[PDB]
Structure formats: C-alpha cells, structure tokens
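Chains as they are written, first to last, in the working numbering: chain A, 1 to 126; chain B, 1001 to 1126; chain C, 2001 to 2126; chain D, 3001 to 3126.
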Ligand SMILES: [Cu+]
Ligand SMILES: [Cu+]
Ligand SMILES: [Cu+]
Ligand SMILES: [Cu+]
Ligand SMILES: [Cu+]
Ligand SMILES: [Cu+]
Ligand SMILES: [Cu+]
Ligand SMILES: [Cu+]
Ligand SMILES: [Cu+]
Ligand SMILES: [Cu+]
Ligand SMILES: [Cu+]
Ligand SMILES: [Cu+]
Ligand SMILES: [Cu+]
Ligand SMILES: [Cu+]
Ligand SMILES: [Cu+]
Ligand SMILES: [Cu+]
Ligand SMILES: [Cu+]
Ligand SMILES: [Cu+]
Ligand SMILES: [Cu+]
Ligand SMILES: [Cu+]
Ligand SMILES: [Cu+]
Ligand SMILES: [Cu+]
Ligand SMILES: [Cu+]
Ligand SMILES: [Cu+]
Ligand SMILES: [Cu+]
Ligand SMILES: [Cu+]
Ligand SMILES: [Cu+]
Ligand SMILES: [Cu+]
Ligand SMILES: [Cu+]
Ligand SMILES: [Cu+]
Ligand SMILES: [Cu+]
Ligand SMILES: [Cu+]
Ligand SMILES: [Cu+]
Ligand SMILES: [Cu+]
Ligand SMILES: [Cu+]
Ligand SMILES: [Cu+]
Ligand SMILES: [Cu+]
Ligand SMILES: [Cu+]
Ligand SMILES: [Cu+]
Ligand SMILES: [Cu+]
Ligand SMILES: [Cu+]
Ligand SMILES: [Cu+]
Ligand SMILES: [Cu+]
Ligand SMILES: [Cu+]
Ligand SMILES: [Cu+]
Ligand SMILES: [Cu+]
Ligand SMILES: [Cu+]
Ligand SMILES: [Cu+]
Ligand SMILES: [Cu+]
Ligand SMILES: [Cu+]
Ligand SMILES: [Cu+]
Ligand SMILES: [Cu+]
Ligand SMILES: [Cu+]
Ligand SMILES: [Cu+]
Ligand SMILES: [Cu+]
Ligand SMILES: [Cu+]
Ligand SMILES: [Cu+]
Ligand SMILES: [Cu+]
Ligand SMILES: [Cu+]
Ligand SMILES: [Cu+]
Ligand SMILES: [Cu+]
Ligand SMILES: [Cu+]
Ligand SMILES: [Cu+]
Ligand SMILES: [Cu+]
Ligand SMILES: [Cu+]
Ligand SMILES: [Cu+]
Ligand SMILES: [Cu+]
Ligand SMILES: [Cu+]
Ligand code: NA
Ligand code: NA
Ligand code: NA
Ligand code: NA
C-alpha cells in the first residue's frame, strides 16, 4: 500500500491511522472474497448470514478506508464515528466467520482479518 | 426507485425503511454532484471543506443505502448503527452546504437533500 | 432524485445523461436487494450465479452513476467507456435474473430494471 | 493483503489475478488520498481536473478490485471488460497526475501507482 507515503506528502500533514487505512482495504477485499467463497460452497444454505455480514463488512470497510484516507488534517470529520461503526461491523463479521472457521478455511482467514481490522480501527479512534 | 417493490417480494419480508433507502441513494448522488459542482466554481478554494464533506457523505450514504437494502428480515444487522452514522454525516454535510447556499444554488439544493436524508435515517433507527 | 436540479446548477453546465444517472442508482439498489432476496430463498443454491451477477451489477451501477454525476462539463472523462461497461453488466445481469423471473418475482422486477438501465446507459453513450 | 490466501481456499479454485486485485485496492486508496491532497493545496484551482480523475479512478479501482475478488472460478463474468475499463481509467489518471508530479510529490507517487495498476489490470485481461 501507499498509505504512509501519501500521508507524509499531504499539504495539511500517524501510525494508528496508517494501520487503520491499510487494514480497512485488506479487510474489505478479504470479506468480498469470503462472501464469494461461501456462495460457492456446497453448503451455501448454512452460510446465508455469513455471506450477508461479509457484504456489509466489505462495504463499510471501503467506506471507512476512504474516509480515513481523507483524514490527514485537523478539520472536523466523521472519521471517528465512522471508525467506531467499522469496528463494530468487523466485530460482528468476525464472530460469524469464526463460527464457520473449523469447516471453511476461507472463514478462518477472514475471521482473523476482521479481528485485526477491528482492533486497528478501534485503536485509531484514540 | 424500486425499493418498495423489492422489499415486498423478499422471502423474509416498512415505510420508514423504504424512505431511508430511497433518500440514501438520492442523497449520495446529490452530494457527489455537489462535490463536483464546488470543484468547478471559480471560488473552489473557499469550498475545500464542503467538497470533502460531500465526498464523505456520498460514500456513507451509498454504504447505508446498500446495507439497508439488505435489512428486510429480523436477523442481526449493523443497520441501526450504520443509519446513526449516516444521520450524523448528513447533519455535518448539511451544515456546511447550508453555509454556502446563499452563494451557490447547488449547495442550497444539496443542503435540503442532506437535511431530509438525515431525518429519514434517524427515523428508520426507531 | 435531484439529478436534473443539480446538473442545471453546475458551473460548467442533457436528458439522456439525467436518465442514465437516475437509472444507475435505481438499478444499483434493485440489484443489491435482488442479491439479498436470492440469498434468502429456500432454493439459494440455484441462484449462486444470479447473486454474484447482482453484486457486480450493483457495484458497477454505483460507480457509473457516480462518474456520470461528475460528467456535467466538456472535459475528458472515462464516462463513455464506463457507461459501455455498465450497459454490458446490466445486459448480463438482466439475462440471468430473467431466467429466474418465472420463479421469483423479485427477479422479474430486477430483470426489468436492469433492461431499462442497460438501455439508458447505452443511450447516454450517443 | 490476503488476496492470494483467499483465492487458494475458494471452493471453485493465478498470479496475474492476485497482482491485479492487490493493485486495484492500493491504487484506489492512493487516488483517494491524492484527490484529498490536491484539494488541500494552495494551488487547488490548478488541480481541478486531477482531483476529478482521481475520484473516478478510486471509484473504478474499488469496483474492479471487488469484481476481481469474485472472479476465482470459470463462470461468465464482466471481469475482463471491467479490467479493461480500469486500465483505461488508470492510464488517464496517470497522465494527469504525472503532469503535476514535478510540483507535487503526492502526484508523483500517485502517478507511479496508477501506471503500475494499469499494467497489472491489462496483464490480467490476458
Ligand atoms: Cu475493516
Ligand atoms: Cu473484512
Ligand atoms: Cu465466507
Ligand atoms: Cu461465510
Ligand atoms: Cu467479513
Ligand atoms: Cu469490514
Ligand atoms: Cu471494520
Ligand atoms: Cu475499519
Ligand atoms: Cu465475517
Ligand atoms: Cu464465512
Ligand atoms: Cu468462509
Ligand atoms: Cu467468512
Ligand atoms: Cu473477515
Ligand atoms: Cu469474513
Ligand atoms: Cu473488517
Ligand atoms: Cu470484516
Ligand atoms: Cu479496521
Ligand atoms: Cu443519506
Ligand atoms: Cu447527500
Ligand atoms: Cu457543492
Ligand atoms: Cu460545496
Ligand atoms: Cu453532502
Ligand atoms: Cu450522505
Ligand atoms: Cu446520511
Ligand atoms: Cu443515511
Ligand atoms: Cu454538504
Ligand atoms: Cu457546498
Ligand atoms: Cu454547492
Ligand atoms: Cu453543497
Ligand atoms: Cu447535501
Ligand atoms: Cu452538499
Ligand atoms: Cu445525506
Ligand atoms: Cu449529505
Ligand atoms: Cu438518510
Ligand atoms: Cu445500471
Ligand atoms: Cu441493477
Ligand atoms: Cu435476486
Ligand atoms: Cu437472483
Ligand atoms: Cu442485477
Ligand atoms: Cu448494474
Ligand atoms: Cu449498468
Ligand atoms: Cu449503467
Ligand atoms: Cu440480474
Ligand atoms: Cu435472480
Ligand atoms: Cu430474484
Ligand atoms: Cu434477480
Ligand atoms: Cu436487475
Ligand atoms: Cu437482478
Ligand atoms: Cu443495471
Ligand atoms: Cu443490473
Ligand atoms: Cu444504466
Ligand atoms: Cu487500479
Ligand atoms: Cu489509483
Ligand atoms: Cu492529487
Ligand atoms: Cu492532483
Ligand atoms: Cu488516480
Ligand atoms: Cu483507479
Ligand atoms: Cu484501473
Ligand atoms: Cu484496475
Ligand atoms: Cu491521477
Ligand atoms: Cu495530482
Ligand atoms: Cu498530487
Ligand atoms: Cu495525483
Ligand atoms: Cu494515481
Ligand atoms: Cu493520482
Ligand atoms: Cu489505478
Ligand atoms: Cu489511478
Ligand atoms: Cu489495475
Ligand atoms: Na479531511
Ligand atoms: Na439482512
Ligand atoms: Na467531470
Ligand atoms: Na465469480
């Protein structure tokens, strides 16, 4: 990623922020991929809720990542509210993917990414 | 829009919800357009913060609208948290567009849409 | 929607363009809703491909709608290339939803929206 | 990123594809950041077109990345059409950021990312 390089060059220019942005994009992609993997499973009907949460988590993580990419300055921002929502979304999505992780390795990986992204986003709200 | 028609046909199937979804998409488009209009103004340098808020508001309203389009059932959802964030985003974006509304008619229109979308989203959290 | 009102007030300011933008947002929402409806069907395993196409169609229609909301001027743009891609996406998604339309009313509605959006986007490339 | 790990675990499971997805998300973030950096410059009025292209490039790269994250199987997809559009978008955005690269280091970085992402996406269409 180029998060760190771009922050340093912004005319209004944060480790926790870099980590948050990087994780949001990673987690967005991972959850998009996890929704599609679950869709392809023989046991798709068991994975409805998980697919739905991953779609929401992908959507919210792209939004959060994008907003945070614009948060390199002191101006008022939705940033902290958005990161709190994102942390809650990643927590919910982690729990459901974790429940399937013994059965589907894609959900193990995705639960781990959601957990890390939850922590990164919560940490960026401090 | 086809929000109402699609909700009625969902296998797990709400006026406040229909209105929320419709408004989110309307408001997303309007804020995208307002950011671009402000970018094109001779006095663009006066509109930096407004452009930035409109970009965030477009991003959050698409996310909220999409999540709410998937909220026609009783399952656990980020929906209410996301709608609260969206209402806060629309409130912030409304205030800044309103400040420019005397000077730029596009901001008058956009402030009105943000205000309506804020109310719709807050109402859907009840 | 506020597409028409916002275009008229843009400092660099098209019926076919208004119709395209309106349809993209309508179609994005409809396909998001159709993916979720299909996910909830008892016969979800029969709807894998349809769910996947609707997710792509929602993503591409939001992108197209957003880009077109920024296309009220004479500057170089990806607009026409993006609208061509969107028309092709809506054509593909229409065909699959149409195949399920006898069985699922949500797919009938969604196929009709995709068809209309395909035509609107193709017409805006002229 | 977790692109490679998730592809390997998909029930329907490509170096060029992994590289494409990774680059799309990297490039999306970079262009979002470049739009915001340009918005913050004293000389913002000189950067209108560049800001606008970066907003389009961010939108198209997220869309492409997401669609490509769902392209780990042999089913019909918009993928190749979408990647061609994305390559064209990155080419356009590269050219404009490159023009500002001597003046703004953020545009140098962003032009380099767009160039790499253009190549990755074009290569994934083979
Ligand atoms: Cu995340
Ligand atoms: Cu994720
Ligand atoms: Cu999954
Ligand atoms: Cu899953
Ligand atoms: Cu997830
Ligand atoms: Cu997420
Ligand atoms: Cu998150
Ligand atoms: Cu997050
Ligand atoms: Cu999950
Ligand atoms: Cu899962
Ligand atoms: Cu999984
Ligand atoms: Cu999962
Ligand atoms: Cu996950
Ligand atoms: Cu997951
Ligand atoms: Cu996440
Ligand atoms: Cu997640
Ligand atoms: Cu996160
Ligand atoms: Cu809204
Ligand atoms: Cu709005
Ligand atoms: Cu504006
Ligand atoms: Cu503005
Ligand atoms: Cu706004
Ligand atoms: Cu908004
Ligand atoms: Cu909102
Ligand atoms: Cu909202
Ligand atoms: Cu605003
Ligand atoms: Cu404004
Ligand atoms: Cu305005
Ligand atoms: Cu405005
Ligand atoms: Cu507004
Ligand atoms: Cu506005
Ligand atoms: Cu709004
Ligand atoms: Cu708004
Ligand atoms: Cu709203
Ligand atoms: Cu469309
Ligand atoms: Cu659609
Ligand atoms: Cu459907
Ligand atoms: Cu379907
Ligand atoms: Cu569709
Ligand atoms: Cu579409
Ligand atoms: Cu389309
Ligand atoms: Cu379209
Ligand atoms: Cu379809
Ligand atoms: Cu369908
Ligand atoms: Cu359907
Ligand atoms: Cu359908
Ligand atoms: Cu459709
Ligand atoms: Cu459909
Ligand atoms: Cu469509
Ligand atoms: Cu469609
Ligand atoms: Cu269309
Ligand atoms: Cu890209
Ligand atoms: Cu980029
Ligand atoms: Cu820039
Ligand atoms: Cu620029
Ligand atoms: Cu760019
Ligand atoms: Cu791009
Ligand atoms: Cu691209
Ligand atoms: Cu690309
Ligand atoms: Cu660029
Ligand atoms: Cu630039
Ligand atoms: Cu730049
Ligand atoms: Cu740039
Ligand atoms: Cu770039
Ligand atoms: Cu750039
Ligand atoms: Cu790019
Ligand atoms: Cu780019
Ligand atoms: Cu690329
Ligand atoms: Na900012
Ligand atoms: Na739902
Ligand atoms: Na434009
Ligand atoms: Na696929």
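We put the beta carbon where it would ideally sit given N, CA and C, even for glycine.
Item	Value
Helix, strand or coil for residue 3041 of chain D, going by three-state DSSP, please let me know.	coil
For residue 2095 of chain C, which option in C/2084, C/2080 and C/2054 has the closest C-alpha, if you only look at C-alpha atoms?	C/2054
Among residues of its own chain, excluding the 5 on either side of residue 1123 of chain B, which ones have a beta-carbon nearer than 6 Å to its beta-carbon?	1016
Would you list, in sequence order, the uninterrupted alpha helix (DSSP H) runs of no fewer than 4 residues that lie entirely inside the segment 3043–3087 of chain D?	3048–3069
Examine the Cβ distances between the segment 2065–2083 of chain C and the segment 2004–2021 of chain C and report whether three or more of them are shorter than 8 Å.	yes
On the three-state DSSP scale, how would you describe residue 2991 of chain D?	This structure gives no information on residue 2991 of chain D, because the portion of chain D shown stretches from 3001 to 3126.
At the 8 Å Cβ level, is residue 3092 of chain D part of the contact set with chain G, yes or no?	The structure shown contains no chain G; its protein chains are A, B, C and D.
Residues of the segment 1065–1092 of chain B with a CB closer than 8 Å to any CB of chain C: list them in chain order, please.	1065, 1066, 1069, 1070, 1072 and 1073
Are there any heavy atoms of ligand 12 lying less than 7 Å away from the beta-carbon of residue 106 of chain A, as far as the coordinates show?	yes
Where does residue 2012 of chain C fall in DSSP's three states?	coil
8 Å is my cut-off, CB to CB: does residue 3130 of chain D come that close to chain A?	What the structure shows of chain D is the stretch from 3001 to 3126, and residue 3130 of chain D is not part of that stretch, so it cannot be assessed.
Determine the burial state of residue 3036 of chain D: buried for a count of at least 16 other Cβ atoms within 10 Å of its Cβ, exposed for fewer.	buried
Count the other CB atoms, across all protein chains shown, that sit within 10 Å of the CB of residue 3029 of chain D; report buried if there are 16 or more and exposed otherwise.	buried
Given 8 Å as the limit, is there contact between the segment 2107–2116 of chain C and the segment 3020–3034 of chain D, that is, 3 or more CB pairs closer than that?	no
With 16 as the cutoff for other CB atoms within 10 Å, does residue 85 of chain A come out buried or exposed?	buried
Is residue 3055 of chain D near ligand 55, in the sense that its beta carbon is under 7 Å from a heavy atom of that ligand?	no
Please list the residues of the segment 2004–2032 of chain C that have a C-beta atom closer than 7 Å to any C-beta atom in chain B, keeping them in chain order.	2005, 2006, 2009, 2010, 2011, 2012, 2021, 2025, 2026, 2029, 2030 and 2032
State the Cα-Cα distance for the pair residue 3104 of chain D and residue 3044 of chain D, rounded to the nearest angstrom.	11 Å
For residue 1098 of chain B, which residues of its own chain have a beta-carbon under 6 Å away from its beta-carbon, when the five flanking residues on both sides are left out?	1111
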